[PDB]
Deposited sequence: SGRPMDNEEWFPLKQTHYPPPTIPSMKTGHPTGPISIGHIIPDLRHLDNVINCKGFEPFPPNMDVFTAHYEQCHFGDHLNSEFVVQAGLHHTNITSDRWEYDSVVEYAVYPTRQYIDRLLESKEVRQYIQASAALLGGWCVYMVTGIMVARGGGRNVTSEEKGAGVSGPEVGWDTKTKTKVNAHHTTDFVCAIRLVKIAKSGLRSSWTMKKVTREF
């Protein structure tokens, strides 16, 4: 199965097998699946919880969804049998047959518009008033697994961190790793 899919850029969704959204519904801002590109989540410990669950802005023409197909994939890389024995430390790998990555590169304009939707704006304002600043994570990619080892499901997500603290005026976006 080569190298595992759970890279440092991809957080695996292992709580519940959420079904994927249709490809056109991702660009329209009203996805059919509960987890899609363009969704804002509060923190890394609530990957399922979506702030803009009612809908978000449709993808502008400078934001097309790109694909990457992989076959005979597995999910491990977390203290494998070989790494444990040669590190002195002391998991059943799942084998999927078709895994597709859907990815998008966000523009600052699209983020500026997303930070103005009612739900995201309210969360940001509450976090700014009660806490120091605010911090949200945008789903920039989704990994959907077809088949198992039956229905397709979003198996991973790729995020970007948008933040504004220290009373600064401009928000900053940064890639997240694990």
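Map the modelled residues onto the deposited sequence and report the uncovered stretches in sequence order.
-> According to the deposited record, C-alpha coordinates are absent for 91-95, 155-185, 215-216, which together make up the missing parts.
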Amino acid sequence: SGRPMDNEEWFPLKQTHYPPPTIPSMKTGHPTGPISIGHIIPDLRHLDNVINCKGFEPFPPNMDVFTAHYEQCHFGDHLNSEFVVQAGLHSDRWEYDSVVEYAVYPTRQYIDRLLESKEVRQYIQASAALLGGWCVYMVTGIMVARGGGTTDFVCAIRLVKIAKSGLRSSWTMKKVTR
From here on, numbers count along this sequence of modelled residues.
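Mean Cα B-factor comparison, 70-78 or 102-110, giving the higher one as deposited = Looking at the record's C-alpha B-factors, the answer is 70-78.
So 127-135 or 22-30, which one's hotter by mean CA B-factor in the entry?
-> That would be 22-30.
By the entry's C-alpha temperature factors, tell me which of 122, 52, 151, 140 sits highest.
-> Going by the entry's C-alpha B-factors, 151 comes out highest.
Third assignment of residue 36 from its chain's C-alpha B-factors = Residue 36: CA B-factor falls in the middle third of its chain.
What third of the chain, by the recorded C-alpha B-factor, contains residue 155?
-> Residue 155: CA B-factor falls in the middle third of its chain.
Residue 177, C-alpha B-factor rank within chain (lowest, middle or highest third) | CA B-factor rank for residue 177: middle third.
Record-listed C-alpha B factor of residue 162: chain third | Lowest third.
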